[PDB]
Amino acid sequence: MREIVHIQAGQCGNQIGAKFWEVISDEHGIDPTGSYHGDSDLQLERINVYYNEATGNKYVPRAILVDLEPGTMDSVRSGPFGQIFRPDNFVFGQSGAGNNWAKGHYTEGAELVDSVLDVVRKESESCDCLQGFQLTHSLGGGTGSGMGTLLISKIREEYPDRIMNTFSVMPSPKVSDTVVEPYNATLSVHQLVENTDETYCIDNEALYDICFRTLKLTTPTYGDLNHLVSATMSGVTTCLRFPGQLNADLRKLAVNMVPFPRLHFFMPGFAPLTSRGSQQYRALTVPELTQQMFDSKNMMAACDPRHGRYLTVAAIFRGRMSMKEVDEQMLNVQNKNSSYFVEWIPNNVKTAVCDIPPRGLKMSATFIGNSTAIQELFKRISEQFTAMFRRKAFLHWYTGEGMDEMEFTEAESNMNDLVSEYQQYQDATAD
């Protein structure tokens, strides 16, 4: 279990994926040309998880960049670290999907996906011990959501014994005005329930609320939002990328975090919350990190964890701090807040500490929760879906590409089934 193959699809997928690669390259001392320039060997111990060694002392991200829209990979190559990616791993169509899931999933996306599998197989067969795949995408658009889920299915067909992980950006009317985003999200969640092992729910609604309410940004941009996404992605992959006592990998994570196969949608949290590019004038304490981490203002999904119960929790602290103090804060948070942890999964909170903090922070903490409160996210989507589907608003966008109402009905049904089983386990007793 070492190599991960990263895939980024659509505008959102490629924007957050690029940011992810800038952020971890800086953590590992890799500059935009692929040369290592860091000071500590621990930057390189597990560097193969995300990077191939190209001869010439260089490191190339194991990353495949996909979009039906050609322009978004022109903007990747022009961003900082555009030059770090393998040029042949850019796979671009010449027409976007018009925020239309059926275009991404059935028609134009399906005409490009074999082009994508070419690159995916080459990166995979090169691996000594392939862990699996992580995909960044949004659920509200046409390419990330439709072609991204299609891609998942195709890859699962060829690599069914490998872990399939996603970072999936949920739509919010606060951030985008595209009215069919509830449709695309609901069609995609149907696909993700059946075909991924772990999905990090990154909620644009939560990201906007954090930027507006906590960071005091009157008009937050995708830059402001993606700063929070990239802090999360760095935190939740920290254990994969540095050597710890845990022999952390994607399958051990899934085994211990997912008690029921469909219930694999995690609520990420992070502390401290910062604005992008901003000097931090005081570090947070271990009790501060521990408390602020289980606080609804720090969740990357617009859900109050106190409205449900945790099935499982994985937490990672970064920086120089007492592991003793970390253990006593974590245990105390579980005892005082005993009623937000299901009692029929004993010892369901796991803590790791990595001595290396992220850039700009002396100390930080990242939170991976499998909470039954995540049903609030799916209910919000499902309500928005129904208000449109009652009227059959915009359906001809989809039937024009070959779909049928029945596929909408089923996806709506499957997400309401998801809500119910979250609720079933929320109300379940140990007697």
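All residue numbers are counted from 1 along the displayed sequence.
TODO: Quick one: say whether 354-362 or 202-210 has the higher mean Cα B-factor in the deposited entry.
DONE: Of 202-210 and 354-362, the stretch with the higher C-alpha B-factor average is 354-362.
- [ ] Averaging only over Cα atoms, indicate whether 416-424 or 403-411 has the higher B-factor in the PDB entry.
- [x] Looking at the recorded C-alpha B-factors, 403-411 comes out higher on average.
TODO: Using the temperature factors in the entry, find which of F133, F294, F167, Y222 has the highest value at its Cα atom.
DONE: Highest CA B-factor of the listed options: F294.
Open item on the list: Highest recorded C-alpha temperature factor, please, choosing from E181, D304, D128, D249.
Closed with: Spelled out: the listed residue with the top C-alpha B-factor is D128.
Open item on the list: Which third, lowest, middle or highest, does the C-alpha temperature factor of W101 belong to within its own chain?
Closed with: According to the entry, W101 has a C-alpha B-factor in the chain's middle third.
Open item on the list: Lowest, middle or highest third: which one holds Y51 when the chain's residues are ordered by CA B-factor from the entry?
Closed with: It belongs to the middle third of the chain when residues are ordered by C-alpha B-factor.
Task: For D114, the third of its chain into which the C-alpha B factor falls - done: For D114, whose C-alpha B-factor we compare with every modelled residue in the chain, the answer is the highest third.
Open item on the list: Which third, lowest, middle or highest, does the C-alpha temperature factor of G82 belong to within its own chain?
Closed with: According to the entry, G82 has a C-alpha B-factor in the chain's highest third.
Open item on the list: Based on the deposited C-alpha B factors for this chain, I'd like to know if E194 is in the lowest, middle or highest third.
Closed with: Within its chain, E194 is a middle-third residue by C-alpha B-factor, going by the deposited values.
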